[PDB]
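A lone chain, given as structure tokens: the form deposited in one PDB entry.
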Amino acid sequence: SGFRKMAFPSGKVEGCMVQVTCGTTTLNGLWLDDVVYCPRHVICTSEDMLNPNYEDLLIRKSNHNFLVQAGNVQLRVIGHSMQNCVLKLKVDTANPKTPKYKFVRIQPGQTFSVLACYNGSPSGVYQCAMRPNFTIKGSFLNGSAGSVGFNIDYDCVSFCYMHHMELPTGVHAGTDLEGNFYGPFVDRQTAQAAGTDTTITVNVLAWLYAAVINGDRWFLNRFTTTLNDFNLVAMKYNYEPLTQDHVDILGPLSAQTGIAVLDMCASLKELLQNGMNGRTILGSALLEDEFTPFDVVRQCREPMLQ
């Protein structure tokens, strides 16, 4: 038993991380087969990062202006192109450690593992949720751009995030691997207007189920409510709407614990209306919303099947 924020094992992704240097600017790249993907602002000086004309900046670069290092080994860039906010650097050797992979665009409320990297070298791994306002609350310093976020599903690494920037509020923003930002952000030094964030209701419910499975039951009440009435409550506390699809997704956790989803919703309603009584749930003194139903079943599942 136990419940901990857990990342996927990072080795398959570590074997893909490289350093990309243009001039005096260094960040990370993702080396898959014969292409290195990286944030386009590697072609900027620090001053260029204020109001870059990326098309013009890229035209002045040639292949040999891109210094790509895979460990101690320099990879030769033989082509370059820009796709949205990422560069694709074709190199003359393919990465023999390329995992089976795909590029996906994740949805707000979903989680992924971040492999934080500096100078092409993996430094740390942690789990992030894509916030409803399309930021992530991560830990990133200068030089971390090009670090990626991913999930691992059977025989496949699904890359969903490439890190680009830190908003002046201290939260983080980036793109999918097609180079399109999550949220209304741009890779330049201008006002970045993140939406007011909200709490991921389906995830809070999943985490309450995790707590029950681990013996933390004090917050259960015998009340139940309707989906519409719960959502009227959720709205008041800046919680996202709970849909029938969410209720369905919580089905396995509901079945395992014997607690109907709308029963647990009534327990969550009482926690929102009356507080947590100075008590903790799974070691937290706040309601936690960065665990998906799948994250919870990964650690807490007890199959009826024997």
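Sequential numbering from 1, following the sequence displayed. Think of the rigid core as the biggest set of C-alphas that the two forms share within 1.5 Å after superposition.
What comes next is about the form deposited in another entry, which does not appear here.
Practice task
Would you indicate which listed residue, out of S158, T98, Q127, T224, moves its Cα by 2 Å or more between the shown form and the other one relative to the superposed core?
Solution key: Between the two forms, the residue that moves is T224.
Exercise for the section: Spell out whether the Cα of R40 moves at least 2 Å between the shown form and the other one when the two forms are superposed on their rigid core. Expected result: For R40, whose C-alpha is compared between the shown form and the other one after core superposition, the shift is less than 2 Å.
Handout entry: Rigid core superposed: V247 CA moves 2 Å or more between the shown form and the other one
Key = It does shift by 2 Å or more.
Handout entry: Rigid core fit then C85 CA moved by 2 Å or more between the shown form and the other one
Key = No.
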